[PDB]
Amino acid sequence: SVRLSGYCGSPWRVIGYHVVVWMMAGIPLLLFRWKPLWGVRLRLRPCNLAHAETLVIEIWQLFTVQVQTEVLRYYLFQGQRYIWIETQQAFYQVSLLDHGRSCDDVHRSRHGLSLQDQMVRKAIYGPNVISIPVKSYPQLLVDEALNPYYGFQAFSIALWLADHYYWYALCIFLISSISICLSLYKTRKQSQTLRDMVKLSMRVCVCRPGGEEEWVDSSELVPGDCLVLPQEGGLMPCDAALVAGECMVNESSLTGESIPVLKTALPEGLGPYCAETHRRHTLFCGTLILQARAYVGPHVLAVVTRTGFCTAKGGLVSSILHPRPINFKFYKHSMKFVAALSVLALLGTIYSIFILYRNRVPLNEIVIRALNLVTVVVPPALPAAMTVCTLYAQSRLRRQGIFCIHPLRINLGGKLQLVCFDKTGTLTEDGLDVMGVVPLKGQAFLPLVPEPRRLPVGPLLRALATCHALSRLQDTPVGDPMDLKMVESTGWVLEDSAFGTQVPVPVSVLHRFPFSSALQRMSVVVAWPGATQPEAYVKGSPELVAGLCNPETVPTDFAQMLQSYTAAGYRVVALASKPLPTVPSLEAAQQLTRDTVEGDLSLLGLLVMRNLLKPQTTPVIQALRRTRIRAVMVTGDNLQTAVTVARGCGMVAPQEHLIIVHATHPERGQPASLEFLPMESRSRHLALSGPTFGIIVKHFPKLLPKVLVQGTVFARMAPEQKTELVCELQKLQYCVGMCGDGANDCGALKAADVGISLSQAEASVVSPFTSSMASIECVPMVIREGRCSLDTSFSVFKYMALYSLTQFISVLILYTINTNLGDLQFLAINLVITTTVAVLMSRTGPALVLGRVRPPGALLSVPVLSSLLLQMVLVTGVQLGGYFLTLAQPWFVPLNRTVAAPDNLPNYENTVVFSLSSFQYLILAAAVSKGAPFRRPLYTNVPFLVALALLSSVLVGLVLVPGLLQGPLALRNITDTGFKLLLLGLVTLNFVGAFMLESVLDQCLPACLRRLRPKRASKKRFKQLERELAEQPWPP
């Protein structure tokens, strides 16, 4: 959904808008920064998009994008480049400008681009640079410091100086500057981090037609251009397709996969070159080329396909620079809650005006004092407190090993209700493991031998340790992980190729037949000293190998045994051998045909390779299921293995039923039909594959919501089907986490509300959340931190409300008695007592254990609002009681009403109110700070506990110790001590009452509101579906 509206240039209109906004007032600027579409409409006039010199983009977020000329008319929106293709009268993204061309076209491009034809491609595509723009500190200030909040704070600073409250004005300015500097630091540091993370400048050779080789910078590369990759291998500057040769690529830079991966030349064909399909023929930007071998030609060649932000790493960086808006609204009914507090403040302000008039204070002072009171209820430290809360959450995660690039995504961990787990690498170990070999003695399967090392030397062990296509790179074999683990299990050392006995003669590979996907098997020619004839070893699927094997050698239990193995999640391959009467020699063996070796084989044994469940997986899954979080397996693997793992890891506990949803494709003459196949070992789970998921999404849209609500295993899911599933689940108002670790989970991790990658490093761009640890234990950690962050932010906002209302009430009372709180008494209460205690309260770590109860999401809920209105009742009661109680004393002398504050100060009324309110701020900071269920107790926060104790001691000294800070703060000295003790008793009464009020609310109001009003329904579509199912199960 993209809306474009061209605005052709108009000088007179532009200058008219200029003067109007610059002269009239700042209100138009405020409403333009709120609603800038009218600003552009008045500043420039609509035009035919073929003539636009400025665009307005809506994705209903609105951006304005000028249009550059290079004749090429193009614009840049969020890094991507859109060009004006004059013929079709539309701005087409350059990403698609050459989309869909055939692999044959890519191969034909292997002669490169003529320098004359390279300028056009450069102008279209632009430089091959993922340019992170640098904003100057002045411009960072202007961006941060021009908010409406800081504008109001500057207004307040001006007012407090109008009334001569210089210390409080300095306090506001310092708090606001500290607020602005945190934002500037983090925003500038992140930009400088990305700028160097995407930094790359090589001198890459290219193949300019005519036969000459041209050396150019890394930024002069354009799609279709041809690269000459060095034999030694270095970083990859562009996102090229490998046309000739092969090269080891360490793709950890892009996807975090630590192991080298083989890239093979692109195959000639008429299909479209797809980076996701032909991902074994594509070289990505930022990955490292370890070796590059040119089997034909003097050097290896790749064809540039994507450059700049078009590259995969470019898209990953763009998703960090331009994140999609976070799904949850933190301020649920922002205007309504702020309006409740604002109507309270408005009633107070009108009361203040009425009483100031009744006190016969001049009108200018009336207006100034009313505006000061209105400013009291906008705490200068609110943005600082919120940002600091997010920073603390991020730091705690980073110390746990979890790295979130966007700290505001952390609160989405405490909103999670469903987590999708990739099976392999995330739930189960990275690669397969060998639990044994099943040799034969004639036509009978021998008992499984757990480890193949002790197998007596023979054709089976030689096949195990030799029948493979490994290549020793840097003394570390590389290739298919299955072969790696098989040969490692044999224990033999790879030194064509020879293998030495671990403890018994070395064995040589006379000839090797490379594996093929269509052949489902591979064969080799193997000889060893003392061997009369070479032995050719063949490994392949059980049925196919058995078919070529001699029938009298295959036991009748072959099919039954392999099916029994498959049922238990094992993957099985068969090993066969045949003696070749050919003389043992390198040259003679090389002429043997693949058909000769593959045919007339002997079944020697069956090899079973199991992918194991990580030790930390089952506890985490069971903890999530105990918290009533949905654990879903979204894998691209078989359904048998997926269901076996799901049962094993506790997604399907032994008592639940598992039903297979199978959707038949609507073959000729019949429509699509669902059939359900129950299994015998959230009480009903569904398991369905990728084909079934697609058929249900297309043909069965009525039944998709139920499948998604009660589906558990999603096997054989294509990488786009994972993203489709995540989006479909989010359509049900789920908050979906995706703990996929692999590279193919990229779209799912980007779509998911919380996307986590398991085995990553510090500076990873793969997904919003990346952890350094292999196990899925980082998912409970993220959920616990998210719940802690939600509770902490709710408590900080509650404190900034309680704070603000307490100061408002104190100022109202002092206006009533016709004095004010005092300049340095404002400075203390705000700079020290409240800013310290608000930035320190958000330092309390998450509770160590997940619980079934979830944090709220509504700041306007009855709990929060009742807590505020009953804390404020006790605050006002305590202050009023202390005031009315200092009148009854004998030594009391009413303040001089004729003069106005600060001329009244010091006086007993202001002193009493200041003391009580100063204690009340600390009392409220401690009261709003909760421990369990979501946070650790208050006392585990040593800085916060120490701040509370130190400030309480200082305030007790102010109340008791005479002459301590009574000059600066302008406090009146009370000679009496019984009154001081009574004041401390009243403060202790408020402390006890506030904690008792919080406890009583937390314990009773939930039950009270549940009994008082039963839920009409659950707003969540998935909860409605869960009810509709519990009343009547869908699969009957």
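Residue numbers in this text run from 1 along the chain shown.
So this one's electron microscopy, 2.9 Å, going by the header.
Positions of Cβ are set from backbone N, Cα and C atoms, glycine also.
Taking Cβ-Cβ distances under 8 Å and a sequence separation of 6 or more, the neighbours of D422 (active site, 4-aspartylphosphate intermediate) in its chain are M633, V634, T635, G636, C739, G740, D741, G742, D745. Sequence annotations record features per position, and here Swiss-Prot assigns active site, 4-aspartylphosphate intermediate to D422 based on experimental evidence.
Taking all protein chains in view, 29 other C-beta atoms sit within 10 angstroms of the C-beta of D741 (Mg(2+) binding site). Taken from Swiss-Prot, the feature Mg(2+) binding site covers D741, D745, and the record attributes it to similarity to another entry.
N896 (N-linked glycosylation site) has a Cβ environment of 12 other Cβ atoms inside 10 Å. Positions annotated as N-linked glycosylation site by Swiss-Prot: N896 (among others).
Counting every protein chain shown, 12 other Cβ atoms lie within 10 Å of the Cβ of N973 (N-linked glycosylation site). Mapped onto three states, the DSSP output places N973 (N-linked glycosylation site) in coil. Annotated N-linked glycosylation site per Swiss-Prot: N973 (among others), in sequence order, evidence recorded as sequence analysis.
Long-range Cβ contacts of the intramembrane segment (12-32) within its own chain (Cβ-Cβ under 8 Å, at least 6 residues beyond either end) map to 38-39, 42-45, 148, 151. If you look up Swiss-Prot, you'll see 12-32 marked as intramembrane segment.
As annotated by Swiss-Prot, topological domain 'Cytoplasmic' applies to 186-336 (among others), with the evidence given as a curator's inference.
Annotation source Swiss-Prot lists topological domain 'Cytoplasmic' at 842-857 (among others), citing a curator's inference.
Sequence-remote contacts of a segment are chain residues at least 6 beyond its ends whose Cβ falls under 8 Å from one of its Cβ atoms, and for the topological domain 'Cytoplasmic' (933-943) they are 414, 787-788, 790-792, 840-841, 843-848, 851, 853, 855, 926. Annotation source Swiss-Prot lists topological domain 'Cytoplasmic' at 933-943 (among others).
Here Swiss-Prot flags 145-162 (among others) as transmembrane segment, drawing on sequence analysis.
According to Swiss-Prot, the feature transmembrane segment maps to 166-185 (among others), an assignment based on sequence analysis.
As annotated by Swiss-Prot, transmembrane segment applies to 337-357 (among others).
Below 8 angstroms of C-beta separation, residues 149, 152-153, 155-156, 159-160, 171-172, 175-176, 178-179, 182-183, 186, 341-342, 345, 348-349, 352, 407-408, 410, 785, 788-789, 792-793, 796-797, 799-800, 803-805, 807-808, 811-812, 815, 830, 834-835, 838-839, 842-843 of the same chain, each at least six residues beyond the ends of the transmembrane segment (373-393), sit close to that stretch. As annotated by Swiss-Prot, transmembrane segment applies to 373-393 (among others).
According to Swiss-Prot, the transmembrane segment annotation covers 794-814 (among others), on the basis of sequence analysis.
Beyond the ends of the transmembrane segment (858-878), by six or more residues, the same chain brings 331-333, 336-337, 340, 794, 797-798, 801-802, 805-806, 809, 916-917, 920, 924, 927, 986-987, 989-990, 993-994, 997-998, 1001-1002, 1005-1006, 1009 to within a C-beta distance below 8 angstroms of the stretch. The transmembrane segment annotation in Swiss-Prot covers 858-878 (among others).
Beyond the transmembrane segment (912-932), the same-chain residues lying 6 or more positions past its ends with a Cβ under 8 Å from any Cβ of the stretch are 791, 795, 798-799, 802-803, 806-807, 810, 813-814, 821-822, 825, 828-829, 833-834, 837-838, 841, 844, 847, 871, 875, 878-879, 882-883, 886, 938, 941, 944, 948, 951-952, 955, 958-959, 969, 971, 983, 986-987, 990-991, 994-995, 997-998, 1002. Annotation source Swiss-Prot lists transmembrane segment at 912-932 (among others).
Swiss-Prot lists 944-964 (among others) with the feature transmembrane segment.
In the topological domain 'Cytoplasmic' (933-943), the DSSP tally of helix, strand and coil residues is 5 helix, 1 strand, 5 coil.
Missing residues between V503 and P504: 19. Distance between their CA atoms: 7 Å. For the pair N896 (N-linked glycosylation site) and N973 (N-linked glycosylation site), the Cα-Cα distance reads 16 Å.
Within 10 Å of the Cβ of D745 (Mg(2+) binding site) there are 31 other Cβ atoms, across all protein chains. Using a Cβ-Cβ cut-off under 8 Å and counting only residues 6 or more beyond its ends in the same chain, the topological domain 'Cytoplasmic' (842-857) has close neighbours at 328, 332, 385, 388-389, 392, 396, 414-415, 623-624, 626-628, 780, 783-785, 787-788, 790-794, 796, 863-864, 929, 931-938, 940-941, 943-944. Across the topological domain 'Cytoplasmic' (842-857), DSSP helix (H, G, I), strand (E, B) and coil residues number 0 helix, 1 strand, 15 coil.
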